[PDB]
Engineer: 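Here you go, one structure.
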Amino acid sequence: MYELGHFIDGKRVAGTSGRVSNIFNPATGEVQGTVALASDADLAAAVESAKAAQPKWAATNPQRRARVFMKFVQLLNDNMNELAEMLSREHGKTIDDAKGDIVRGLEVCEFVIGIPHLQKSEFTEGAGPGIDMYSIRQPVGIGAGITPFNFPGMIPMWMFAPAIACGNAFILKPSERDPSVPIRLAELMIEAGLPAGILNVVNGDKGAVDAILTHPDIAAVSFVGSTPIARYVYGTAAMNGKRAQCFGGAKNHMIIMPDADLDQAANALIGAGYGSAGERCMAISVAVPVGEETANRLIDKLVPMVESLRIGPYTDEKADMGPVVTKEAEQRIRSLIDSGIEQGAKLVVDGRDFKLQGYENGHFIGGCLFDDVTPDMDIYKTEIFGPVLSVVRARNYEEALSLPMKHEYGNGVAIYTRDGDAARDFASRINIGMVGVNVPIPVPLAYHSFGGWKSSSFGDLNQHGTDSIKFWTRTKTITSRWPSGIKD
Amino acid sequence: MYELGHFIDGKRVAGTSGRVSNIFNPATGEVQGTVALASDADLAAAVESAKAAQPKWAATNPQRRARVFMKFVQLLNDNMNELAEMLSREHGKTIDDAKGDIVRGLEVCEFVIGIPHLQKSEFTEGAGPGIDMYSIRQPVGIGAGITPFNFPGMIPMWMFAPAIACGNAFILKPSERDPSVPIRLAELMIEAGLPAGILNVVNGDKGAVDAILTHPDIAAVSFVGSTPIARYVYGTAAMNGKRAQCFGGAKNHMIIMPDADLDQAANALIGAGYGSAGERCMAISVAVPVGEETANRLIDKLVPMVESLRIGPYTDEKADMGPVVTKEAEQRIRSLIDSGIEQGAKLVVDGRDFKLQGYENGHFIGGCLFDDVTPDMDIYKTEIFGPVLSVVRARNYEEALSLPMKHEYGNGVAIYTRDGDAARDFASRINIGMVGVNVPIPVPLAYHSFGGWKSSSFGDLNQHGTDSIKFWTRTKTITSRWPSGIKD
Amino acid sequence: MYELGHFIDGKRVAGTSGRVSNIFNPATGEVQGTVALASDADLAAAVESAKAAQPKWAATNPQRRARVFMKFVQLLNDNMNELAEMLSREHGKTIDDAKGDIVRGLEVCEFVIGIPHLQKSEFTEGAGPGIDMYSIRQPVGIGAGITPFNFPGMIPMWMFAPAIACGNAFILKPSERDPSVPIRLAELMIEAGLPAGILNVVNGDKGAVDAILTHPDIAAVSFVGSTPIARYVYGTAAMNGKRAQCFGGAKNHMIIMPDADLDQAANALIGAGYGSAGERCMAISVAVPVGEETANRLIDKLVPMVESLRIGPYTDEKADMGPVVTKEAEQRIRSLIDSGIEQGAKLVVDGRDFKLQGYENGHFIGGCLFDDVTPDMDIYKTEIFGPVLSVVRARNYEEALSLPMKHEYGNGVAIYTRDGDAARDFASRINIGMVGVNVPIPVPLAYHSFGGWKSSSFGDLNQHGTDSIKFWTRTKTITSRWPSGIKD
Amino acid sequence: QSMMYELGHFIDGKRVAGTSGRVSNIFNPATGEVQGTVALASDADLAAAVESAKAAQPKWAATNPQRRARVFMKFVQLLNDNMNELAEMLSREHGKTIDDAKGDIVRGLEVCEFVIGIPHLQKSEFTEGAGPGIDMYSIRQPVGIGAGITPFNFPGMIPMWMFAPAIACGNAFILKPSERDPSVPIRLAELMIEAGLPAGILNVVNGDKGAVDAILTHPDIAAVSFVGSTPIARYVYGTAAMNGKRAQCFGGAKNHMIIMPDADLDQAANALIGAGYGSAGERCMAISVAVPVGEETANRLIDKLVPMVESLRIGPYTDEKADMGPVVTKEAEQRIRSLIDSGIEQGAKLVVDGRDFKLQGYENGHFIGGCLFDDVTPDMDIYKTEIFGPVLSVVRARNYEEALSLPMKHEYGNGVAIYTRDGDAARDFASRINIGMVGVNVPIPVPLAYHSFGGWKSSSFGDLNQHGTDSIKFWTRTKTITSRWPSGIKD
Ligand SMILES: NC(=O)c1ccc[n+]([C@@H]2O[C@H](COP(=O)([O-])OP(=O)(O)OC[C@H]3O[C@@H](n4cnc5c(N)ncnc54)[C@H](O)[C@@H]3O)[C@@H](O)[C@H]2O)c1
Ligand SMILES: NC(=O)c1ccc[n+]([C@@H]2O[C@H](COP(=O)([O-])OP(=O)(O)OC[C@H]3O[C@@H](n4cnc5c(N)ncnc54)[C@H](O)[C@@H]3O)[C@@H](O)[C@H]2O)c1
Ligand SMILES: [Mg+2]
Ligand SMILES: [Mg+2]
């Protein structure tokens, strides 16, 4: 049994709350450790540590700040196997999934190496007679980020890389479900040459989150998670006068046109639907074949691929898919699957009976596939976040388009087609922030930016890319002239 | 007596609430007209009108959208006299001030002529193997803007020019104190070739604003006004999931170093302290001379010039200054002046007695100058928004800098000095968004961006400049590839 | 008979060389006027004028400079018919063509209205300890532009709009074939409020070009014309230490894939092949159908449309196409046509017979269409610049792509297809600067940039867009710090 | 001469010998002795390097930007690991101190750091609905194969200036470095291979004018970048353009420091010592002219400078306390000595005379003592000519306008500096001067890797600077696509 505390001022520390939460191993269903839940006083200590450290860090030139990230990237590559094992053991996903998690975080770190260029502001000479005008992008001061269970490496680095690169200090409040990676990341930042107090990790639940939102020394909050919590963090942050960016849930659709490469479409669906047991806000949860023949041919190819998925713990490196994160998630998913049957959807692949020998207590659910799903059913309206894929049969292109158009969620969407007209038209019109053309998971790369539309995000600036530099800096504008003096 | 309604769908329309507010001529103190206070039906009609028109507007190419602003700029020039007259008549400020108000709005309209270039997004070829990745900046849809009494031309234009250039529809809720100019602007947009429904004006008070904040079809809200109301709007907009940018109050300081051009500092203090009867969020309301000799010489120069300010109605074109906007504002200012005297400050120029013959009921206050002001006084802590300049004597550079630094407000600040070290150091350290070096009112031009720090703004994007374009657009990122086909 | 001189220092002035050049009315073959050919002395006078005015102009703020362009755009709209008339009368093209010529130049003027944003440079705070680093984009001084016969409005404006917006003085040496428009444009710039001497027009031939290339006070040269002369001007300018951008000839191919809309492609070929009598470096001169059926079906649709082209003077407002610019041009084209026949190509529409009643001395040639053209033929290798379209039957996709790939010219190219894969692959791989997907004449808009590859351009910066702002400015970088002074 | 080493070329991931059997001698300038030789490329040697580049470039251009950037991240780490070795070989051929050599390498390293951001930097522009259903977008694609010609004084920094953005952008690159000190460039190319760059993407071709002409007339090389003297820059620029190539060339300097009466004179004098005599003045950003304003400023400045010039520690790279080493060649030494003589015979006052200086045990080294001239006027050779040696000239200016007009009127416009406390004087001076790089209380205003380097007037040719975003522009060509679709299977 291991006990995680917090990471403050360069050290792992125990905290003072007398509160803990259990860390499970979701493959066995057993408790493997605890994590401390920060009190308001523990949060205050992290803020005071960030306050004491931030000015010297902001006073370090951009090139030197960038060198910390360069060093950190090498450390990540050096510590990859260790990081992935601790991630998988708490989260449930495969070693390869876990490495992908780390790698996508690493890529934001690579991006912020370019902070000297990225943080440039604008200069105008002769805005008026002898008058120059120029901006400067200065740190906001102290930022905080709140992250979900599914990417405990990538999403923290999404936020802390640009925030710290811009010369802010940063308080990370990660998911209490799987907190080993975030602490290890902050430890590695120290090893990379980051001053103590610039990246603090404060573990906790709602209590720690409320403490962050109400602290008058925190300037900016970044959130990734479910839509209901995203709304609450966004509204509350604003109510406290802070800047905020929040990113929510999804029900990503893949539309399949009759001219599409059906083999590639089926392959994309198995990976996008069932990768990480469907625990992704960019999982494809709805497949929309256009026309009966397309549906039938696609289902024909897809069904066997779902049935032959290898399910197992992270120690089995041959497995395609692991358990879901908690018993609660398991039960919530199972209840949703039952509602699908009850409401008239056809469960073509039924995974409810799956048990893994030796792991009967793990949070394991077999792959599920529903056909004849309709927009009024719960399995369609609700983000399931499990290995459950729904097929809605569309009669034509306009009908197919209107499905993701009309959904509450607008995170990601995909269209599979050979037709340039269909792809252009669909990607132009859809009210969804991230679009795949023959690409099933259209997550933009670290140097572009990430953000959904509709109920999938709140605020006006995305994750990473240039948007992140904007979010973590305040603009100062100077207008400048001089009286005539000694030159005359 | 005139009776202003709303401007919805290309025309002037009567309100349907049955409630009006009184429009005063501040120079005589009598009612000259009324303005309707929008009901929910009024806002709903404005939203429906916007919804009907926005798609075809967004589908118009950027160069064609730009040509509308082209035309509009010419129409503003042609109608300059008429616009200035109606502005001054309701506001109080001089015709010259009213032209300035309009022209600074006009310059945002010129800036957005560049919308084809401004709206460009980013393309990457070969992000992956055969994969291209690119963003598009699309309209948010329908936006709203809430504006204050003091600039009913400029500030409406600040918001609606980029909002509309970006392909959005825009609902203006201007100050009910002086709503003539806003309706006339919407009318001139129609004459410029703007489609009906794209710029709508809904007049009203807290009622209209709350309707705007809670209407599910408005995506974005921009606010300029007092800090308390900015706090409210920012929080409420966010609680409803909207993007928001809010800009608040001020207590702008000018620091005068002993090496400064004192003649120019003193002239700048007359202009910035007493222009518009001090009714500006970029008015200088604190003069911070460094050293006794600097303070005493500055007082020597200011006294005769504050005393000789010519005060009068807008029909008097020699007047340096007009009346304040309402009886309420006047009483608030006079009350704060009294507290200055009560709390020990030295009223070296007393304008309390000033009366204008023929205009005995107008809201006229003579220029006031306080010396020996300290930071514990009400006249120092509170934004007065009137013709009251306070002098706080600092002993050295560090004492002087700490004054605007510790202030609750952080809109603008100025430093007067011949010394490059003092200027650079001051501009770099001060926690204030807009800094002037030998410039009294460092309002950036339309092509740079406007926004204060601390309690002077909320959100993460400024007014106009490229910030505004970011605020009025949402980012869509497409990831794109193709299966082998007919080319093979 | 009319006599054109030069436009120097705000005035139409006479040439002092005594040498003149004939201006033809291509529709009748008669001489309608003469244009002065600049001496070395005439050029020197224009440079002395430019040198005298540029400092004051560069000292004018970017908003004021932009306003000149705003007024100019209105003056162009006001004078459209007169401009188009003088253009068509000297060039030969239709009024509608001439209006397009002027409009596209007008669009560059609209783009440079945004010069205050476009000319921004970069700022870094704390590049070192207490050290700031920032660039300024300042004028190059005096530029020159050399332009060809076919777009005597658009091309001059391409060059002088950004040159002048950037704070430079500009010397235009337009084509002596049709010099009425360029002078009128200079005159209108004056009316728009441009100071005298900022835009001078120096008419002439090689003599004037050589005088520009060897004048020590001209910093930069822009050229558009034939490849042989672009090569000469690029080399000579550089041997004289000038910066240079030169843009050359073309042999634009259109690839028609078997899945293309053949109606649309044939219609596009008529406009792009025969518009302006094919006197465009973005004209399609080679059609490349893929497959036997595609070629046969295409030839079939084209023939009746080529046969029924309406050919007349600009005074016949029903005409689709006018005469070519000179008898020299006409003899060259006819000579090329004959070479096509003798080299084995099938002439399926023979325009050689064409004569127009009452216009027997006009430079009229009927539309020509060849089939079975192969890469070894002169009509394939040589830019014809006449109404002669060549069809090259491709067997497959790779064969079709290799045709424009291997051509010495690489100005524009187009692919007609419904297939995303084919479109993307062709566009990505082709060694040609301007690529159309279902667009026959992919000339970028003013806010993007123009320029070919291979033999079609020389230098490292394109015409208009942000490229042009880069070409007409030089970068200065300031590194700045201050010693400890009075602030301490 | 002892045991000499022999450098050839670096082509396709390997050191290879020259096929011309012509060599150039490599000296140790501390001793004056030959220590090795370098091969001078034939046309065939260059042709081999171009063919090498041609075969390899397409696959490298097809590698995604993030993967290209990682080669540079690894390379940066390799530079740090090999810093001491790299500095040693540089100093031994060039003359400058080990610390100088490390700064040379570090500034090259900083360009490699900047091009790690190539994925963001290479982005192009997109417009939706430029017309009805019509989209318009650009792509920045490789030019193909570039070449760079570099001078003796920074054989690490300058090659990296050029090859880092060229290679990050997806091109292959042929470096032709100075034959004076060719060890570093080849070792850099070796380290690029060790960092994972494919063979043939960075080739090094050693040689003289012959190799340069072979570069300038090779039809497969699309772009040339040159840094060196103004006469050769003119030649490279013109000839490149004659051959249809794009080119950017960077030339000589005569950098002035203007000292206002209100300046921190002690900081100015200290700055002049470093900027005037660092690397024995062999820098195109060395201050070679001081311009004090007014009598007292001049007299006091001179008085400060004299004993600091006199007490400079001069020695070989093996003496780690030296401020300055020998100049690069015998030729360079003779030319510096001729120019010093010219100053005396044309009337300048040689207040510190370094002509006599000899170092015990290094009598044949190219060592010259620090020199300082007062009462220099604009008609003298020491003023008009770039000396490239440890010779500082003091021109007395009576006022601000006169002080400003000296760098204004000079043929060269590489760098300039103004020392003052006055915001007005600095702003005005920096705004008006016709010189590309300006220091305000900064003696050597060389911009950082993420900004850009370029002089004005005679100091540069072309329209794009070195490094910064300019370099990304220079190493890419713009393609624009205009795109629409006909009614399809969606209808
Ligand atoms: N350009 C400038 O000078 C400038 C810029 C920013 C802010 N300001 C600020 O404007 C203020 C004075 O103008 P004002 O009196 O019009 O400001 P205000 O805050 O009273 O009103 C601004 C807007 O909010 C609305 N509003 C007022 N009370 C409300 C309530 N209780 N609930 C909801 N909405 C409400 C008003 O109708 C008006 O449209 C000063 O504090 C000043 O700093 C001025
Ligand atoms: N950062 C810097 O310090 C810097 C920057 C730019 C320029 N410089 C300049 O470098 C110059 C000194 O260096 P250098 O002596 O190596 O310069 P150089 O001009 O003699 O040589 C530069 C390059 O050109 C080649 N070359 C020389 N002569 C040639 C000819 N006749 N034809 C073709 N190619 C030829 C050389 O082989 C070498 O690679 C100074 O003028 C200085 O201003 C220095
Ligand atoms: Mg297949
Ligand atoms: Mg398997």
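Heavy atoms only: backbone and side chains are in, while hydrogens, waters and symmetry mates are out. By convention in this document, chain letters (A, B, ...) are assigned in the order of the sequence lines, proteins followed by strands, and residues within each chain are numbered from 1.
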Engineer: Which bit of C:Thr417 comes within less than 4.5 Å of chain A, counting heavy atoms only: side chain, backbone, both or neither?
Structural biologist: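 For C:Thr417, there is no contact with chain A at all, as no heavy atom is under 4.5 Å.
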Engineer: So does A:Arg67 have more than 12 non-hydrogen atoms from other groups sitting under 6.0 Å from CZ?
Structural biologist: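 Enclosed.
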Engineer: Of the listed residues (A:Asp419, A:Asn438, A:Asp421), which shares the most heavy-atom pairs with chain C below a 4.5 Å separation?
Structural biologist: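 So the answer, after comparing A:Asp419, A:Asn438, A:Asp421, is A:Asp419.
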Engineer: Output the distance between atom CZ (A:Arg137) and atom CD (C:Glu125), rounded to the nearest 0.5 Å.
Structural biologist: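 A:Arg137 CZ to C:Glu125 CD: 13.5 Å, rounded to 0.5 Å.
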Engineer: Going by heavy atoms in the side chains, are C:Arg418 and A:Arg418 under 4.5 Å from each other?
Structural biologist: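 No, too far: nothing below the 4.5 Å cut-off.
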Engineer: Does atom CZ of C:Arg481 have more than 12 heavy-atom neighbours, drawn from other residues, nucleotides or ligands, at distances under 6.0 Å?
Structural biologist: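 At most 12 heavy atoms, drawn from other residues, nucleotides or ligands, come within 6.0 Å of this atom.
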Engineer: Inspect the surroundings of NZ in A:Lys301 and state if more than 12 heavy atoms from other residues, nucleotides or ligands are less than 6.0 Å away.
Structural biologist: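 Buried by this count: over 12 neighbours within 6.0 Å.
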Engineer: Kindly give the heavy-atom pair with the smallest separation between C:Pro62 and A:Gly126, and that separation in Å.
Structural biologist: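 Heavy atoms only, the tightest pair is CD-O, 3.5 Å.
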Engineer: Can you tell me if CD on C:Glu398 sees more than 12 non-hydrogen neighbours from other groups inside 6.0 Å?
Structural biologist: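 Atom CD in C:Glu398 is crowded, with more than 12 foreign heavy atoms closer than 6.0 Å.
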Engineer: Give, for atom CG of C:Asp132 and atom CD1 of A:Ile136, the distance between the pair rounded to the nearest 0.5 Å.
Structural biologist: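 Interatomic distance, C:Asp132 CG to A:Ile136 CD1, rounded to 0.5 Å: 6.0 Å.
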Engineer: Please rank C:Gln138, C:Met133, C:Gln63, C:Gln119 by heavy-atom pairs under 4.5 Å with chain A and give me the top one.
Structural biologist: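 Highest number of heavy-atom pairs under 4.5 Å: C:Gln138.
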Engineer: Measure C:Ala423 against the heavy atoms of chain A and call it side chain, backbone, both or neither at under 4.5 Å.
Structural biologist: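 Contact with chain A: none, neither part.
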Engineer: Let me confirm one number: the CG-CD1 distance from C:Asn61 to A:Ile131, rounded to the nearest 0.5 Å.
Structural biologist: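 With rounding to 0.5 Å, CG (C:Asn61) is 9.5 Å from CD1 (A:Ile131).
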Engineer: More than 12 non-hydrogen atoms from neighbouring residues, nucleotides or ligands closer than 6.0 Å to CZ on A:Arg64, yes or no?
Structural biologist: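 Atom CZ in A:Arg64 is not packed in, count stays at 12 or less.
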